[PDB]
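What follows is a set of notes on a single structure, which appears directly below.
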Amino acid sequence: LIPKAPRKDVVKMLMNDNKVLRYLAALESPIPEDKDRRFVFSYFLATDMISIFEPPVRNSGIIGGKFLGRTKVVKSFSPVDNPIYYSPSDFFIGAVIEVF
Amino acid sequence: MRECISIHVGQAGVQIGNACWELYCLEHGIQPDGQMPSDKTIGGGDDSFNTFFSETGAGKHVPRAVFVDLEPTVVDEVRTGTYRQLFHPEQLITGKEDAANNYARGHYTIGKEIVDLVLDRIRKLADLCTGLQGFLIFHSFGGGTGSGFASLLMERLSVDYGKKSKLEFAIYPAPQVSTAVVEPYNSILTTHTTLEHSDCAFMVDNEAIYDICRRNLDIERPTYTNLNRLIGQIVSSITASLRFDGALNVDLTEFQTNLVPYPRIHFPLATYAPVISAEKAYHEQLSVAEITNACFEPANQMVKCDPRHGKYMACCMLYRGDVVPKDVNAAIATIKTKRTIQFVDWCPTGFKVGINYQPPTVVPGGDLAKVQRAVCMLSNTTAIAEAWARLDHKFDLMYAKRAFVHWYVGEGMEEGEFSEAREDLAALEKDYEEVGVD
Amino acid sequence: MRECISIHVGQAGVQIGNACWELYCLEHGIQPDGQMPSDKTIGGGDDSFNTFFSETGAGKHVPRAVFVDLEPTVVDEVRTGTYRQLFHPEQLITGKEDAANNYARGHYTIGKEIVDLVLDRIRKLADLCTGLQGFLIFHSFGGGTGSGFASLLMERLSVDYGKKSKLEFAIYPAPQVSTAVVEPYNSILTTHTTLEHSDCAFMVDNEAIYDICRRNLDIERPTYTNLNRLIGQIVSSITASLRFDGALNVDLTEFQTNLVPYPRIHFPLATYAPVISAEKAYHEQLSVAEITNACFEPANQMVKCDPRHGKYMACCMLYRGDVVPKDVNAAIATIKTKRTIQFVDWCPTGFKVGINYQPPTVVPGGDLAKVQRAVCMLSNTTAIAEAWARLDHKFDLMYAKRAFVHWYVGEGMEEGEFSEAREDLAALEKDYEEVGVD
Amino acid sequence: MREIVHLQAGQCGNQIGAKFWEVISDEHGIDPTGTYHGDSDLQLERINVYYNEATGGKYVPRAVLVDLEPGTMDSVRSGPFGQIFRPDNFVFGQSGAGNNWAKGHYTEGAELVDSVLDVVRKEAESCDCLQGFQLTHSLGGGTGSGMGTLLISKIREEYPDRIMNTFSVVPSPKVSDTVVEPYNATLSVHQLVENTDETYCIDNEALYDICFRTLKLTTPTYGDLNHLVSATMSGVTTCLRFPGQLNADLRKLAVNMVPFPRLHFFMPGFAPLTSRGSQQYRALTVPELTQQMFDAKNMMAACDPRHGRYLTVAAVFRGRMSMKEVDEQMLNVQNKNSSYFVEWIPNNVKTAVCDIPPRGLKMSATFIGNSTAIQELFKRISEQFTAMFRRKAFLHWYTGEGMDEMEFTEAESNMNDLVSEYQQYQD
Amino acid sequence: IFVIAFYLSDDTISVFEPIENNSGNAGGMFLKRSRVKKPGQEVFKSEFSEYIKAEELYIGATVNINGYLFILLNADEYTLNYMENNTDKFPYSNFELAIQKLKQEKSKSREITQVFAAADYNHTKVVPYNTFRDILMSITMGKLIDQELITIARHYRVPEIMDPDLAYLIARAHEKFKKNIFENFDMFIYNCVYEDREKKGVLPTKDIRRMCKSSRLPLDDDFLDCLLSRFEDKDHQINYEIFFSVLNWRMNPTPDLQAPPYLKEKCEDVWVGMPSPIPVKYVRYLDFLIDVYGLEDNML
Ligand SMILES: Nc1nc2c(ncn2[C@@H]2O[C@H](COP(=O)(O)OP(=O)(O)OP(=O)(O)O)[C@@H](O)[C@H]2O)c(=O)[nH]1
Ligand SMILES: Nc1nc2c(ncn2[C@@H]2O[C@H](COP(=O)(O)OP(=O)(O)OP(=O)(O)O)[C@@H](O)[C@H]2O)c(=O)[nH]1
Ligand SMILES: Nc1nc2c(ncn2[C@@H]2O[C@H](COP(=O)(O)OP(=O)(O)OP(=O)(O)O)[C@@H](O)[C@H]2O)c(=O)[nH]1
């Protein structure tokens, strides 16, 4: 009849504050000139939060910086009813990832 | 040529129409699809169907009828029967509102915006026809809607044509049974409005129909299927003169010109003598003398009027099937000699006899047996005055208490008609005794 | 010989062109691919199809039509639909910008630089034409584009060719239904610019087609799949006499000479009598008498004008199928003797009958009937001046307040022409009044 | 060919530019990257009304972003579609907004208008023939107003023959947060109305009321509001890109809607917004479509037109429709409230029928009607401006920037002229 | 050669004529779609006079059209098809009856054998139709009618049903690409041989077609359908790599097109003679010979 707000977990969102993780990433590019766009991961154990970043690369060309702010990317293995956000328990060397 | 247009207004007319056209199609041999078998009778609309069905270049015998109904339930049912491809689509005029048993609700609030359509139908029949001998109007008086809209359509057809007969059947209000209490009100309203426009209005009663049923049909629990079937066979008999041929012949115009005595009084009664069952006709036997005696037995008529409490003045006998004229005239002479019967002076000749040779037909799975001789009897006698006596000393109490008039006045009516109707009826009964006396 | 040129100006013209052409190809069997298998109807490009096609050295039936439009969307959809391969590639002239409901937008800003191309195309058709009876032009008054462009094209082809014929059919804006408050503006502009060149223009109404569709065809949610197929049937009916042969024939020159009484006034009305659906045709009846009665029924028309509010001066019967002169004349004589119609004393007769034996043809996935007797109604009356009174008083207040005039002055319009329009309209008004006077 | 180039200005021009472009891309099946994934033949066919076509099947959105603080530009950049935006178009300055209309109109824009004009005429040359440009900005928002006024002023002479369609957020009457907002609005509205032809007025409070009413979700984001407004704009955009019977032209709408030279300000409304259980509790019938369609609550621009009437109205409907239902509903709405329209032009309604449905739900529509429904808005801004100006507070900043009050006088004069014109025409 | 059209809906026989080149007709239609008298009645009549039925328009026939004796030789395939579909009033087309007819005679078996043997000289496994009809009329003493010989030729025809191969289609493709300046498939094929996303072997064609439409590959959708037909399998997942390698024009010759004239037509010049165009071109003996009596040889 009448809705109500959902519930949040103070244990998750206060205990391990700004616990962050970093990784390096490679991509497959249409253009042959993009073979080594070494990209960086950043994970937050606050809301299973994910962000991705690009370091400036000296004199090789491509501008660096930010490709996407912190995002609750729903897992490609997370159906429309079940919102997983690529639980970091899956990340491993040479993993398989598809976002946007 | 020789054709009549059928009109059925109502709750009260749908099932009887269903039965009668089922009998029609059965007897002419129409397949309920509509066409003939490999026999060659489809044509330019001119063979035995040229009187009832408009079989046209499409090869389908199309009934020349219009049903108009206020409450779409039953008409949807009749379209969801089996003969729907037979019947004509917009000859089935349906509405969305009942007349709610109120004469004036039927005649004023809803009816007027339907007469345009019904007139369009009847005129598009009037253009095609050439003989247009008249109409067969089916309604009732104890009808929630068959009263007022029927009166209005009668008025318009009277004012546009006064050059064709007007035949009316009616299931009359039961004398002592009254399903509705608005029955006396709307019934007398219908009567006093229709007296000065109706050519031949005839009656029959459900109670006496049932009495015949459990008397000699050996049916203690009959139904509508049965009642409507009986009335349909009656009308089939009265139209047999039109359909088939015979030695001597009469027409509905002759009926009017030769049964009603005077102005006003044109409400006679009817009967069908050989009402028996399978085994009864099997090991029994009918013949002209006893069919005459039975058709004039006081109980066999379908209204509770004792002839010995009245006096005969007119009789029309229709015999159908094989017969010789000798016994016919001899038996009617013997009945003339009879001492229990009563003839007034005016009618030394009072017997209109009409013969058709073709036997009456049966309906499959029905009640009536095979028929060798049959008769339709149409008699007019003074006896029926007592029924109107009953109706008036009924209505007088309701008027004394001004009961139920609030509905009519609130939907917009005034005392004028309510007053007038009583002395209209009173003039009717006074004329009844004035002519009954000598 | 007997061949005509079609012009389809505008968003609306080009689509009903597609629909009617989809009709045309069937009754001569032309396939959506435009080639028959091995059988032969080809020859010197000279046989029944030669009225509208010219099947040249590649055996492809080529429409004798032209399609000019401003917005490329619909010309694209028909360049990608089912019939682009048969339609001739660069006949289908497309633009890039609309007309924006402004008359002067199509008449001063865009139509100038396209008229050259279109006139070149029509001349390189006229050379291969031999008989060239005339032009069937389709525009629309409230045309969201085509009105201004049609004005210019029509006036230039009139001035350069003052000897051949011009016939105009156009969907007429509704008495009360609105798609553009600007519609009165371009309606009156087109009228006061066209009444002095148009030989005869014929108006119909979408609401009226719809009303027919849900009274008789039983279409409760039509579109103009349905109603365009209807109008295509209408034009096929008027051109069947051109196509086929028979007892006696009729021609557009006769229409020009014999429908219109006087200069200026050249506005008749069009109707099709036996509009009827599947089951009604299947199991009902049609003949000349009732179909004529129906076509003269006052509500069957495509423009709401009351014949009792009007008076007739001309009528043209187009009887197609199996009809014969005796019943033709009997029906028309009865119609004459009937008194509801009130003919003026100008023309003691008011009728022009035309015959064709070949029945009309059905279309797959359509609504029409296997009708053997069809009749096209083309009648000129006096009931219509009410509509022009309607339009002028629908216009006068809005001009007196001068809504949207800033648009027209910005695109380069002044007000002398707008002033002139209403006295042109009042001229037509008093003209109808005076010709009615007798 | 006819096509449109988009301009997004101010820190909410960012808001909506992001949401609007991403909504259209999702409608057209272009991935966030750009590689077109063709699944609707018609939209592939007519993509050129918005998009150029690049190699391998990516499509630049011919849209240009303008702001002052690089952080917001980088945020929208970081959005899921900043990659489908342009490093080309990423022109921006170095200063701070100061939320200052005066600085924006005279100091900050004086070194940005040049470059942005170069870019816009570059794109105009690049494409064949615009219908015009849609500009999404704020009137209360400081720098959006400061930029947009000057930009439209110059483009006016740049092309006197195209569509300068403008979209503006009305400050919340209950609160403007920024207290100089009434001053900015009075400054902007003058040049806005003077230069433009068609302006959209939207306010945040009514969208919040919708969120309470049918969204009922109780945890809204301005992003959800942007989602709504993106659908709103898409509704009027669908006509050009789509086939079937429909007069698509914005100039068509202009000549069918705008009665007088100086009537430009219009108010939107839109069609089924599906509630908690209405998905399976709502039957999609032309009666109920029109029922909600012409309703006071579902209206979300300014304030109940209950007080006023409707000068003229126009409605476009997406889906498989026919004319009879819109026709008969027009009859019913005219006969129901014979007074609630102006007698000034009988039959004041326009209809349009896009054959193409949205992707997922069958029937939708867009409403747009011009009414006497801005009187209360600018009378409100009148009382605020008068009350704050009578003591000329918060004005030394503007004196330092180089202003004076004669322009304030003439602005309020023109605005009161608008009030008088509305009142004398309708009333 | 006259168009006589039998309208089964009205029993009328339309007589129309096509103009010839440099001759003496300049005519055309002769009989306005009219029911016509049987040419075997009187002027004085008592009973219902008769009219031409559909019983006697057999192939290779005599007829009168009110005077003029018309003779009838040839027929079109669609008329043939409708002929055999329902044979109650058309027992002629039923070939089995001719089977019994020729099965009646036995003695002529070896005689037919040597006659047909000497007819050939190389045993080329075809035979000219003129020779076929002559030898069959001979064996029937001139008692067979044209129609059943036509039908039996139709049945035991030689099979020669072919279609254009890929050679034309690829040549036209190459030249169209030449016209469309986009000749270089360096811009397209390399982009594709990247853009294959999740591939091991072959790919659904619904992807190739859609990426073509996306890239605006210059071609008509009709040729798109044609080539996709010419390169397909049961699942429509062809080897895209060779698909693109072959559609590329890094090696090709260049033919071109003829007229679309009307010569191999049937109001223009092919043969228009007694073997009018040609019904079935060629035919072979041995099957029909075995079906008649081909015993004591091979299996029989
Ligand atoms: N005429 C006729 N009457 C019947 C039949 N069966 C019962 N009746 C009686 O006929 C009356 C029908 O009258 P109404 O019900 O008023 O009929 P109506 O006025 O046409 O309309 P409704 O009230 O809506 O059905 C009932 O009161 C019954 O007493 C029948 O088969 N035919
Ligand atoms: N002939 C035709 N008429 C249509 C079609 N669809 C809608 N209509 C009718 O077109 C009429 C209006 O035409 P306009 O709005 O003036 O169109 P236009 O001015 O030529 O140009 P557009 O901007 O493309 O619409 C209406 O009366 C509709 O009944 C169609 O497909 N064909
Ligand atoms: N995307 C986005 N836009 C917002 C949000 N909240 C408010 N806005 C509004 O967008 C308005 C317009 O911003 P701009 O047009 O960029 O204004 P400006 O001239 O740059 O300077 P300011 O008015 O100080 O922002 C602001 O005044 C805010 O009121 C939000 O939460 N997200």
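This deposition comes from electron microscopy, 4.5 Å.
Every residue gets a Cβ built from N, Cα and C, even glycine.
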C:1-4, C:25-28, C:97-100, C:137-140 - the one Swiss-Prot records as motif 'MREC motif': C:1-4
Minimum Cα separation from C:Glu254 (active site), reported as the residue among recorded positions C:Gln11, C:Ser48, C:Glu71, C:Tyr83, C:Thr145 that achieves it: C:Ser48
Helix, strand and coil counts within the motif 'MREC motif' (C:1-4) (DSSP): 0 helix, 0 strand, 4 coil
Cα-Cα distance linking C:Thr179 (GTP binding site) and C:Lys40 (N6-acetyllysine), given in Å to the nearest integer: 49
Cα-Cα distance linking C:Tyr83 (3'-nitrotyrosine) and C:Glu71 (GTP binding site), given in Å to the nearest integer: 19
Residue, out of the modified residues C:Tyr83, C:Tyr432, whose Cβ gathers the largest set of other Cβ atoms within 10 Å: C:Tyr432
Residue pair C:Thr179 (GTP binding site), C:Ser48 (phosphoserine) - Cα distance, angstrom, rounded: 41
Under 8 Å by Cβ from C:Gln11 (GTP binding site), same chain, sequence gap 6 or more: C:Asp69, C:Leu70, C:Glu71, C:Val74, C:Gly143, C:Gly144, C:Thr145, C:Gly146
C:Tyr432 (phosphotyrosine) and C:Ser140 (GTP binding site), Cα-Cα, nearest whole angstrom: 23
Cα-nearest neighbour of C:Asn228 (GTP binding site) within the listed modified residues, C:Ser48, C:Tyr83, C:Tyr432: C:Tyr83
Whole-number Å value for how far C:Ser48 (phosphoserine) lies from C:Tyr83 (3'-nitrotyrosine) (Cα to Cα): 21
Residues from C:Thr179, C:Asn228, C:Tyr432 facing chain D - recorded positions, CB under 8 A: C:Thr179
Conformational class of C:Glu254 (active site) under the three-state DSSP mapping: helix
Rounded Cα-Cα span from C:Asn206 (GTP binding site) to C:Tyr432 (phosphotyrosine), Å: 25
Of all listed recorded positions, namely C:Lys40, C:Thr145, C:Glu254, those lying near chain E with CB under 8 A: C:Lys40
Cβ atoms near C:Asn228 (GTP binding site) (within 10 Å, other residues, all chains): 20
